[PDB]
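Trainee: One file is attached below, data03.pdb, containing PDB, C-alpha atoms (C1' of nucleotides).
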ATOM      1  CA  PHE A 725       0.000   0.000   0.000  1.00  0.00           C
ATOM      2  CA  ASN A 726       2.819   2.420   0.855  1.00  0.00           C
ATOM      3  CA  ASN A 727       5.102   1.688  -2.112  1.00  0.00           C
ATOM      4  CA  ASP A 728       2.572   1.439  -4.993  1.00  0.00           C
ATOM      5  CA  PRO A 729       0.874   4.403  -6.732  1.00  0.00           C
ATOM      6  CA  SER A 730      -2.057   2.084  -7.499  1.00  0.00           C
ATOM      7  CA  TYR A 731      -3.895   0.041  -4.843  1.00  0.00           C
ATOM      8  CA  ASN A 732      -5.651   3.174  -3.597  1.00  0.00           C
ATOM      9  CA  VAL A 733      -8.100   1.794  -1.023  1.00  0.00           C
ATOM     10  CA  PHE A 734      -8.027  -1.296   1.211  1.00  0.00           C
ATOM     11  CA  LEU A 735     -10.197  -2.410   4.132  1.00  0.00           C
ATOM     12  CA  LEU A 736      -8.501  -3.299   7.404  1.00  0.00           C
ATOM     13  CA  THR A 737     -11.078  -4.417  10.013  1.00  0.00           C
ATOM     14  CA  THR A 738      -9.373  -2.595  12.893  1.00  0.00           C
ATOM     15  CA  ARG A 739      -9.037  -5.452  15.316  1.00  0.00           C
ATOM     16  CA  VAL A 740      -6.434  -7.569  13.502  1.00  0.00           C
ATOM     17  CA  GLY A 741      -4.758  -4.477  12.059  1.00  0.00           C
ATOM     18  CA  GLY A 742      -3.176  -1.951  14.399  1.00  0.00           C
ATOM     19  CA  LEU A 743      -0.470  -4.070  16.028  1.00  0.00           C
ATOM     20  CA  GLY A 744       2.021  -1.500  14.727  1.00  0.00           C
ATOM     21  CA  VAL A 745       1.678  -1.958  10.945  1.00  0.00           C
ATOM     22  CA  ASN A 746       3.275   0.916   9.007  1.00  0.00           C
ATOM     23  CA  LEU A 747       0.690   2.386   6.627  1.00  0.00           C
ATOM     24  CA  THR A 748       1.882   5.990   6.326  1.00  0.00           C
ATOM     25  CA  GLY A 749       0.720   6.001   2.698  1.00  0.00           C
ATOM     26  CA  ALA A 750      -2.867   6.655   3.740  1.00  0.00           C
ATOM     27  CA  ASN A 751      -4.038  10.244   4.164  1.00  0.00           C
ATOM     28  CA  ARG A 752      -7.809   9.790   4.420  1.00  0.00           C
ATOM     29  CA  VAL A 753      -9.602   7.510   6.895  1.00  0.00           C
ATOM     30  CA  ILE A 754     -13.207   6.272   6.978  1.00  0.00           C
ATOM     31  CA  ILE A 755     -14.596   4.740  10.170  1.00  0.00           C
ATOM     32  CA  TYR A 756     -17.649   2.655   9.266  1.00  0.00           C
ATOM     33  CA  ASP A 757     -18.875   0.995  12.465  1.00  0.00           C
ATOM     34  CA  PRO A 758     -18.320   2.264  16.026  1.00  0.00           C
ATOM     35  CA  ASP A 759     -16.443  -0.215  18.194  1.00  0.00           C
ATOM     36  CA  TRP A 760     -16.720  -1.005  21.921  1.00  0.00           C
ATOM     37  CA  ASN A 761     -13.116  -0.335  23.006  1.00  0.00           C
ATOM     38  CA  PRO A 762     -12.389   3.422  22.835  1.00  0.00           C
ATOM     39  CA  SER A 763      -8.751   2.436  22.266  1.00  0.00           C
ATOM     40  CA  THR A 764      -9.177   0.339  19.100  1.00  0.00           C
ATOM     41  CA  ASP A 765      -9.957   3.546  17.195  1.00  0.00           C
ATOM     42  CA  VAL A 766      -6.769   5.396  18.166  1.00  0.00           C
ATOM     43  CA  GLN A 767      -4.634   2.697  16.533  1.00  0.00           C
ATOM     44  CA  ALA A 768      -7.048   2.833  13.589  1.00  0.00           C
ATOM     45  CA  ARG A 769      -6.450   6.562  13.147  1.00  0.00           C
ATOM     46  CA  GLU A 770      -2.743   5.880  13.719  1.00  0.00           C
ATOM     47  CA  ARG A 771      -2.790   3.561  10.702  1.00  0.00           C
ATOM     48  CA  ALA A 772      -2.665   6.827   8.734  1.00  0.00           C
ATOM     49  CA  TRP A 773      -1.646   9.271  11.520  1.00  0.00           C
ATOM     50  CA  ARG A 774       1.754   7.786  12.379  1.00  0.00           C
ATOM     51  CA  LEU A 775       4.241  10.066  14.125  1.00  0.00           C
ATOM     52  CA  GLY A 776       5.457  12.676  11.647  1.00  0.00           C
ATOM     53  CA  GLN A 777       3.013  11.660   8.923  1.00  0.00           C
ATOM     54  CA  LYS A 778       3.906  13.018   5.486  1.00  0.00           C
ATOM     55  CA  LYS A 779       0.609  14.765   4.706  1.00  0.00           C
ATOM     56  CA  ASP A 780      -2.478  15.918   6.624  1.00  0.00           C
ATOM     57  CA  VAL A 781      -4.817  13.122   7.711  1.00  0.00           C
ATOM     58  CA  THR A 782      -8.591  13.361   8.110  1.00  0.00           C
ATOM     59  CA  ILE A 783     -11.155  11.147   9.833  1.00  0.00           C
ATOM     60  CA  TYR A 784     -14.711  10.610   8.607  1.00  0.00           C
ATOM     61  CA  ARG A 785     -16.912   8.861  11.171  1.00  0.00           C
ATOM     62  CA  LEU A 786     -20.090   7.077  10.074  1.00  0.00           C
ATOM     63  CA  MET A 787     -22.861   7.388  12.652  1.00  0.00           C
ATOM     64  CA  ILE A 788     -26.505   6.399  12.289  1.00  0.00           C
ATOM     65  CA  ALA A 789     -28.469   9.029  14.186  1.00  0.00           C
ATOM     66  CA  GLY A 790     -31.288   7.817  16.407  1.00  0.00           C
ATOM     67  CA  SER A 791     -29.793   4.344  16.819  1.00  0.00           C
ATOM     68  CA  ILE A 792     -27.411   2.377  19.027  1.00  0.00           C
ATOM     69  CA  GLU A 793     -24.598   4.317  17.347  1.00  0.00           C
ATOM     70  CA  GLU A 794     -25.763   7.334  19.351  1.00  0.00           C
ATOM     71  CA  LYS A 795     -25.548   5.408  22.628  1.00  0.00           C
ATOM     72  CA  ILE A 796     -22.134   3.916  21.795  1.00  0.00           C
ATOM     73  CA  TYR A 797     -20.674   7.244  20.647  1.00  0.00           C
ATOM     74  CA  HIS A 798     -21.893   8.984  23.800  1.00  0.00           C
ATOM     75  CA  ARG A 799     -20.509   6.052  25.812  1.00  0.00           C
ATOM     76  CA  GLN A 800     -17.133   6.414  24.076  1.00  0.00           C
ATOM     77  CA  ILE A 801     -17.171  10.152  24.800  1.00  0.00           C
ATOM     78  CA  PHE A 802     -17.883   9.358  28.453  1.00  0.00           C
ATOM     79  CA  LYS A 803     -15.015   6.837  28.427  1.00  0.00           C
ATOM     80  CA  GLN A 804     -12.739   9.512  26.948  1.00  0.00           C
ATOM     81  CA  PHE A 805     -13.862  11.820  29.763  1.00  0.00           C
ATOM     82  CA  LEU A 806     -13.052   9.052  32.274  1.00  0.00           C
ATOM     83  CA  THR A 807      -9.435   8.882  31.098  1.00  0.00           C
ATOM     84  CA  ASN A 808      -9.544  12.648  30.499  1.00  0.00           C
ATOM     85  CA  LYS A 809     -10.472  13.774  34.021  1.00  0.00           C
ATOM     86  CA  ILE A 810      -8.739  11.054  36.027  1.00  0.00           C
ATOM     87  CA  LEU A 811      -5.441  11.977  34.334  1.00  0.00           C
ATOM     88  CA  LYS A 812      -6.188  15.631  33.531  1.00  0.00           C
ATOM     89  CA  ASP A 813      -8.360  17.252  36.218  1.00  0.00           C
ATOM     90  CA  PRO A 814     -10.473  15.368  38.800  1.00  0.00           C
ATOM     91  CA  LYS A 815     -12.791  18.398  39.116  1.00  0.00           C
ATOM     92  CA  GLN A 816     -14.575  17.573  35.838  1.00  0.00           C
TER      93      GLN A 816
ATOM     94  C1'  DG B   1      -2.267 -22.142   3.245  1.00  0.00           C
ATOM     95  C1'  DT B   2      -6.330 -26.976   8.514  1.00  0.00           C
ATOM     96  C1'  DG B   3      -7.952 -26.348  13.033  1.00  0.00           C
ATOM     97  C1'  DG B   4      -7.581 -26.285  18.787  1.00  0.00           C
ATOM     98  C1'  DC B   5      -9.033 -22.666  23.026  1.00  0.00           C
ATOM     99  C1'  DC B   6      -9.121 -18.629  25.105  1.00  0.00           C
ATOM    100  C1'  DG B   7     -10.044 -13.647  24.869  1.00  0.00           C
ATOM    101  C1'  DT B   8     -13.823 -10.362  24.525  1.00  0.00           C
ATOM    102  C1'  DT B   9     -17.432  -6.825  24.672  1.00  0.00           C
ATOM    103  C1'  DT B  10     -22.264  -5.402  27.788  1.00  0.00           C
ATOM    104  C1'  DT B  11     -25.357  -5.439  32.516  1.00  0.00           C
ATOM    105  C1'  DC B  12     -65.982 -32.912  38.318  1.00  0.00           C
ATOM    106  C1'  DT B  13     -70.202 -33.103  40.610  1.00  0.00           C
ATOM    107  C1'  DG B  14     -71.055 -37.099  43.100  1.00  0.00           C
ATOM    108  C1'  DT B  15     -70.690 -40.043  46.479  1.00  0.00           C
ATOM    109  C1'  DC B  16     -68.496 -42.282  49.909  1.00  0.00           C
ATOM    110  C1'  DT B  17     -65.572 -43.228  53.802  1.00  0.00           C
ATOM    111  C1'  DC B  18     -62.532 -42.761  57.025  1.00  0.00           C
ATOM    112  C1'  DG B  19     -61.964 -40.642  61.230  1.00  0.00           C
ATOM    113  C1'  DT B  20     -63.234 -38.175  64.869  1.00  0.00           C
ATOM    114  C1'  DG B  21     -65.294 -34.889  67.778  1.00  0.00           C
ATOM    115  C1'  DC B  22     -69.115 -33.853  70.113  1.00  0.00           C
ATOM    116  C1'  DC B  23     -73.292 -35.069  72.255  1.00  0.00           C
ATOM    117  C1'  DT B  24     -75.642 -38.283  75.168  1.00  0.00           C
ATOM    118  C1'  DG B  25     -76.734 -42.285  77.867  1.00  0.00           C
ATOM    119  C1'  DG B  26     -74.929 -44.639  81.097  1.00  0.00           C
ATOM    120  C1'  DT B  27     -72.369 -44.909  85.522  1.00  0.00           C
ATOM    121  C1'  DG B  28     -68.951 -44.021  89.372  1.00  0.00           C
ATOM    122  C1'  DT B  29     -68.250 -41.878  93.556  1.00  0.00           C
ATOM    123  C1'  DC B  30     -69.733 -39.429  96.618  1.00  0.00           C
ATOM    124  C1'  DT B  31     -72.754 -36.323 100.721  1.00  0.00           C
ATOM    125  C1'  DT B  32     -76.220 -35.371 103.164  1.00  0.00           C
ATOM    126  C1'  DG B  33     -79.703 -36.469 106.302  1.00  0.00           C
ATOM    127  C1'  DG B  34     -82.674 -39.094 108.600  1.00  0.00           C
ATOM    128  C1'  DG B  35     -83.651 -42.311 111.548  1.00  0.00           C
ATOM    129  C1'  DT B  36     -81.800 -45.490 114.558  1.00  0.00           C
ATOM    130  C1'  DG B  37     -78.713 -45.820 117.877  1.00  0.00           C
ATOM    131  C1'  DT B  38     -76.630 -45.003 122.325  1.00  0.00           C
ATOM    132  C1'  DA B  39     -75.660 -41.667 125.912  1.00  0.00           C
ATOM    133  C1'  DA B  40     -77.375 -39.917 130.175  1.00  0.00           C
ATOM    134  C1'  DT B  41     -78.619 -37.736 133.821  1.00  0.00           C
ATOM    135  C1'  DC B  42     -82.929 -35.154 136.183  1.00  0.00           C
ATOM    136  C1'  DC B  43     -85.017 -35.526 141.064  1.00  0.00           C
TER     137       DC B  43
END
Could the structure of this file be written out as structure tokens, please?
Mentor:
Amino acid sequence: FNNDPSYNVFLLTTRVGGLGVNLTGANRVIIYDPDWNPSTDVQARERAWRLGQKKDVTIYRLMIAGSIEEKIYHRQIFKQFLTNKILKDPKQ
DNA sequence: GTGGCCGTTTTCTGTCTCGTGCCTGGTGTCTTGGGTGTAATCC
């Protein structure tokens, strides 16, 4: 994927992929389905947002409004707050 | 390219009987009195 001008897109199923695979070639990212682990998505974004990435990277989240996606996304935001007030400011 | 297992995400009238309890008829065991009995003592 990195060393070929063709082979533009490829699906990854971000459970198996994210162990540290180097995919700096990517610049755009599409998230299709929200996951349960709030962590599995940071490695997913890091599949194109490696340290010192060559070009700007963007994330497009898919979210079905008025569905379980709403509950999961709010849950993930709450989980981010959990690790973002325990380690940032316990007054939040 | 074969699978093993763990790891993971969330919070039926009808009639009868069997038994017995209660009512009743009998029956025990007794208490009172009433007379019979003895006492007895006036004179």
Trainee: Taking only C-alpha atoms (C1' of nucleotides) into account, what are the residues of chain A at most 10 Å from chain B, put as a PyMOL selection string?
Mentor: chain A and resi 759-761
Trainee: Generate a file of the selected residues that holds C-alpha atoms, formatted as a compact mmCIF listing (two decimals), in the frame of the given file.
Mentor:
# COMPACT_ATOMS: atom_id res chain seq x y z
CA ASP A 759 -16.44 -0.22 18.19
CA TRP A 760 -16.72 -1.00 21.92
CA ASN A 761 -13.12 -0.34 23.01
Trainee: First collect every listed atom of segment 23-37 of chain B; then fit an axis-aligned box around them, widen it by 8 Å on each side, and give centre and edge lengths in Å to one decimal, as AutoDock Vina command-line options.
Mentor:
--center_x -76.0 --center_y -40.4 --center_z 95.1 --size_x 31.4 --size_y 26.8 --size_z 61.6
Trainee: Excluding residue 752 of chain A and any residue of its chain fewer than 2 positions from it, enumerate the residues within 12 Å of it, using all atoms listed in the file, and give them as a VMD selection string.
Mentor: chain A and resid 732 to 734 747 to 750 754 to 755 768 to 773 777 779 to 785
Trainee: What gap, in Å, lies between atom CA of residue 809 of chain A and atom CA of residue 742 of chain A?
Mentor: 26.2 Å
Trainee: Give me, please, the distance in Å between atom CA of residue 743 of chain A and atom CA of residue 762 of chain A, quoted to one decimal.
Mentor: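 Between atom CA of residue 743 of chain A and atom CA of residue 762 of chain A the gap is 15.6 Å.
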Trainee: Restricting the calculation to all atoms listed in the file, which member of A:786, A:802, A:753, A:765 is positioned closest to residue 741 of chain A?
Mentor: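 The closest residue to residue 741 of chain A is A:765.
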Trainee: If we count only C-alpha atoms (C1' of nucleotides) and set the cut-off at 12 Å, which residues sit around residue 788 of chain A, ignoring sequence neighbours fewer than 5 positions away in its own chain? Please answer as an MDAnalysis selection string.
Mentor: chainID A and resid 756:758 793:797
Trainee: Model the absent atoms of segment 763-788 of chain A so that N, CA, C and O atoms are present, and write the result as a CSV table (one decimal), in the frame of the given file.
Mentor:
chain,number,residue,atom,x,y,z
A,763,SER,N,-10.2,2.5,22.6
A,763,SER,CA,-8.8,2.4,22.3
A,763,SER,C,-8.5,1.9,20.9
A,763,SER,O,-7.6,2.4,20.2
A,764,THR,N,-9.4,1.0,20.4
A,764,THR,CA,-9.2,0.3,19.1
A,764,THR,C,-9.2,1.4,18.0
A,764,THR,O,-8.7,1.1,16.9
A,765,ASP,N,-9.9,2.5,18.2
A,765,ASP,CA,-10.0,3.5,17.2
A,765,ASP,C,-8.7,4.4,17.1
A,765,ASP,O,-8.4,5.0,16.1
A,766,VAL,N,-8.0,4.6,18.2
A,766,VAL,CA,-6.8,5.4,18.2
A,766,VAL,C,-5.7,4.7,17.3
A,766,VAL,O,-5.0,5.4,16.5
A,767,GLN,N,-5.5,3.4,17.4
A,767,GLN,CA,-4.6,2.7,16.5
A,767,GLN,C,-5.1,2.7,15.1
A,767,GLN,O,-4.4,2.8,14.2
A,768,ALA,N,-6.5,2.7,14.9
A,768,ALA,CA,-7.0,2.8,13.6
A,768,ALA,C,-6.7,4.2,12.9
A,768,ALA,O,-6.2,4.2,11.8
A,769,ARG,N,-6.8,5.3,13.7
A,769,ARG,CA,-6.4,6.6,13.1
A,769,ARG,C,-4.9,6.6,13.0
A,769,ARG,O,-4.4,7.3,12.1
A,770,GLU,N,-4.2,5.9,13.8
A,770,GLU,CA,-2.7,5.9,13.7
A,770,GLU,C,-2.3,5.1,12.5
A,770,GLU,O,-1.1,5.2,12.2
A,771,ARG,N,-3.1,4.3,11.9
A,771,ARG,CA,-2.8,3.6,10.7
A,771,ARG,C,-2.5,4.5,9.6
A,771,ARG,O,-1.9,4.2,8.6
A,772,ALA,N,-3.0,5.8,9.7
A,772,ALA,CA,-2.7,6.8,8.7
A,772,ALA,C,-2.1,8.0,9.4
A,772,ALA,O,-1.5,8.9,8.7
A,773,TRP,N,-2.2,8.1,10.8
A,773,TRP,CA,-1.6,9.3,11.5
A,773,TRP,C,-0.4,8.9,12.3
A,773,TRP,O,-0.3,9.3,13.5
A,774,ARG,N,0.5,8.1,11.7
A,774,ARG,CA,1.8,7.8,12.4
A,774,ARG,C,2.5,9.1,12.8
A,774,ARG,O,2.2,10.1,12.2
A,775,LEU,N,3.4,8.9,13.7
A,775,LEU,CA,4.2,10.1,14.1
A,775,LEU,C,5.0,10.7,12.9
A,775,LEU,O,5.7,10.0,12.2
A,776,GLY,N,4.8,12.0,12.8
A,776,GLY,CA,5.5,12.7,11.6
A,776,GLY,C,4.9,12.2,10.3
A,776,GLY,O,5.7,11.9,9.4
A,777,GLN,N,3.6,12.1,10.2
A,777,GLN,CA,3.0,11.7,8.9
A,777,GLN,C,3.3,12.7,7.8
A,777,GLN,O,3.3,13.9,8.1
A,778,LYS,N,3.5,12.2,6.6
A,778,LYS,CA,3.9,13.0,5.5
A,778,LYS,C,2.9,14.1,5.2
A,778,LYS,O,3.3,15.3,5.0
A,779,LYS,N,1.6,13.8,5.1
A,779,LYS,CA,0.6,14.8,4.7
A,779,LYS,C,-0.5,14.7,5.7
A,779,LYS,O,-0.7,13.8,6.5
A,780,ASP,N,-1.4,15.8,5.7
A,780,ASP,CA,-2.5,15.9,6.6
A,780,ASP,C,-3.4,14.7,6.5
A,780,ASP,O,-3.7,14.2,5.4
A,781,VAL,N,-3.9,14.3,7.6
A,781,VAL,CA,-4.8,13.1,7.7
A,781,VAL,C,-6.2,13.6,8.2
A,781,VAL,O,-6.2,14.4,9.1
A,782,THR,N,-7.2,13.0,7.7
A,782,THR,CA,-8.6,13.4,8.1
A,782,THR,C,-9.4,12.1,8.4
A,782,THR,O,-9.1,11.0,7.9
A,783,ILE,N,-10.3,12.2,9.4
A,783,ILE,CA,-11.2,11.1,9.8
A,783,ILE,C,-12.6,11.5,9.5
A,783,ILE,O,-13.1,12.6,9.8
A,784,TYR,N,-13.3,10.5,8.8
A,784,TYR,CA,-14.7,10.6,8.6
A,784,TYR,C,-15.4,9.5,9.3
A,784,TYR,O,-15.3,8.3,8.9
A,785,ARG,N,-16.2,9.8,10.4
A,785,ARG,CA,-16.9,8.9,11.2
A,785,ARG,C,-18.3,8.7,10.5
A,785,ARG,O,-18.9,9.6,10.1
A,786,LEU,N,-18.7,7.4,10.4
A,786,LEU,CA,-20.1,7.1,10.1
A,786,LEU,C,-20.9,6.9,11.3
A,786,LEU,O,-20.5,6.1,12.2
A,787,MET,N,-22.1,7.5,11.4
A,787,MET,CA,-22.9,7.4,12.7
A,787,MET,C,-24.3,7.4,12.3
A,787,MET,O,-24.8,8.4,11.7
A,788,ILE,N,-25.1,6.4,12.6
A,788,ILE,CA,-26.5,6.4,12.3
A,788,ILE,C,-27.2,7.1,13.4
A,788,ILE,O,-27.2,6.6,14.6
